[PDB]
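Consider the single chain below, provided in structure tokens and representing the form deposited in one PDB entry.
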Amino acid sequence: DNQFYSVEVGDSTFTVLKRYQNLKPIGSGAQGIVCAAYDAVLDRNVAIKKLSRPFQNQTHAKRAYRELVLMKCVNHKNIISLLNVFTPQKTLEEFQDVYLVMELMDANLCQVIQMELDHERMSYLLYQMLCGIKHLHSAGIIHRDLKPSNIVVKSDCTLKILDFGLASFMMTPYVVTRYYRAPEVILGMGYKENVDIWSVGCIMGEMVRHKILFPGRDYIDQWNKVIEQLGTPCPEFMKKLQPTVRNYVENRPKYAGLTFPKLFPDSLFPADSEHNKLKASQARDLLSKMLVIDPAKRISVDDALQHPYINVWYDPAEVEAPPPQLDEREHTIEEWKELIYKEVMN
């Protein structure tokens, strides 16, 4: 009669409501482990993510808490929406794990990126990204760590952003992925909404080139890859760095940076018909307005949406949805436990 049951998926134990059957592993989420399942109440397939003792330290706690209050606020077809949240534990004192449940998708954007994609599909995924990002901004959320591994797609080309970005020790095995973070993030710069444009450009460029644009062990290597390719930023951009970070950067070797046709030659694009030739040059134009070091001359999110490569998909019902207490804290682990628990028990 217990309303829960336990199954072994991979290494992790999943204790879930009886409505969820046939759990099968599917991926890794750092914040937790994930599985596919059939939801018999809803008669549809779902994905279930287990957050193990999210209160065990401030990084897991802040993230877990932050994302519960937002998934309980945002509402947009391209942004994760939760179907259920639950814990199999009965009291706060026993409270351990949190399970999040959402619509089951077909692929992670890392998988899509390795595929050869026509312009119809590339422009559509990117357009969805910008729509989701635009919603986040309308809700007062600026992401600042959008990356492909936290983006999922359905076979029909529909897309969802699964996380809400940055707010820091992590005593774990797994590394954080930093290749898509804007310069202002790399350099401790302060930022505005089009910080997220940079990351879109990084994703789009990788779609074209099929390799990470700015790899590196550290922000050191990564900045090297940025200037080697795009050219040293404008002195005007220097003047906005902090003095110490400004000294480091100004003392880096100078680079002219390659043109975008060299950074993304026609070889990479479908360019057999006239239609495709024009699409490639539009694609390269957009890339050139997104992969821009100085945020001041980097294209907006609303301006990107209305770029010719992108605005073929326009619909005032998807770029124009209504946006619905600011939590911003730092607590002990028992404090975090109760705060998360209350939210789990809305």
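C-alpha atoms forming the largest set that superposes within 1.5 Å between two forms make up the rigid core. In case it trips you up, residue 1 is the first one in the sequence shown, and so on.
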(request) Say whether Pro25, which has coordinates in the shown structure, is without coordinates in a third or more of the other compared entries. (result) no
(message) Among the other entries of this protein that were compared (only those with both neighbours built), does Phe260 lack coordinates in at least a third?
(response) no
(request) Classify the number of deposited-sequence residues missing from the model between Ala256 and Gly257: none, 1 to 3, 4 to 9, or 10 or more. (result) none
(message) If I compare the deposited sequence with the modelled residues, how many are absent between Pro324 and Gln325: none, 1 to 3, 4 to 9, or 10 or more?
(response) 4 to 9
(message) Quick check: 209 to 217 versus 172 to 180, which has the larger average CA B-factor in the record?
(response) 172 to 180
(request) Can you let me know which of the two, 71 to 79 or 218 to 226, has the higher average C-alpha B-factor in the entry? (result) 71 to 79
(request) Could you tell me which one of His143, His275, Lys239, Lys160 shows the highest CA temperature factor in the PDB record? (result) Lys239
(request) Between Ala139, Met204, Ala167, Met105, let me know which has the highest C-alpha B-factor in the entry? (result) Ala139
(request) Ordered by C-alpha B-factor within the chain, which third holds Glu116? Give me lowest, middle or highest, please. (result) lowest
(request) Report the third (lowest, middle or highest) to which the CA temperature factor of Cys234 belongs, ranking only the modelled residues of the same chain. (result) highest
(request) Grab the CA temperature factor for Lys134 from the record and place it in the lowest, middle or highest third of its chain. (result) middle
(request) Would you check the entry's CA temperature factor for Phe264 and let me know if it's in the chain's lowest, middle or highest third? (result) middle
(message) Ranking the modelled residues of this chain by C-alpha B-factor as given in the entry, is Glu250 in the lowest, middle or highest third?
(response) highest
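Keep in mind that the form solved in complex with a partner chain is not shown, yet the notes after this line are about it.
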(request) Name the stretch: of 209 to 217, 103 to 111, 173 to 181, 245 to 253, exactly one has residues whose heavy atoms fall within 4.5 Å of its partner chain in the deposited bound form. (result) 103 to 111
(message) Going by heavy atom distances of 4.5 angstroms or less, which of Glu93, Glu236, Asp221, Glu120 would be at the interface with its partner chain in the deposited bound form?
(response) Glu120
(message) Just to be sure I understand the contacts: of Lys192, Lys154, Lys262, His275, which is the one whose heavy atoms reach within 4.5 angstroms of its partner chain in the deposited bound form?
(response) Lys154
(message) Check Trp313 for me: does it contact its partner chain in the deposited bound form (non-hydrogen atoms, 4.5 angstroms)?
(response) yes
(message) Is it the case that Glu318, even though its partner is missing from this view, gets within 4.5 Å of its partner chain in the deposited bound form, heavy atoms only?
(response) yes
(message) Taking its partner chain as it sits in the deposited bound form, is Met115 in contact with it (heavy atom to heavy atom, 4.5 Å or less)?
(response) yes
(request) Indicate whether its partner chain has at least one heavy atom within 4.5 Å of a heavy atom of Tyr124 in the deposited bound form. (result) yes
(request) Select from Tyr179, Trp223, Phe86, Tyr255 the only position whose Cα moves 2 Å or more between this form and the one not shown when the core is aligned. (result) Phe86
(request) Please check if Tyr124 moves between this form and the one not shown, taking a CA shift of 2 Å or more relative to the superposed core as movement. (result) no
(message) Given a core-based superposition, decide whether the C-alpha of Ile293 shifts by 2 Å or more between this form and the one not shown.
(response) no
(message) So that I can tell if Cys35 moves, could you say whether its C-alpha shifts by at least 2 Å between this form and the one not shown after the core superposition?
(response) yes
(request) Answer with closer or farther for the CA-CA spacing of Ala61 and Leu146 in the deposited bound form compared to the shown form; it moves by 3 Å or more. (result) farther
(message) Quick one: with a 3 Å or larger change, is the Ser12 to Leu159 CA distance smaller or larger in the deposited bound form? Answer closer or farther.
(response) farther
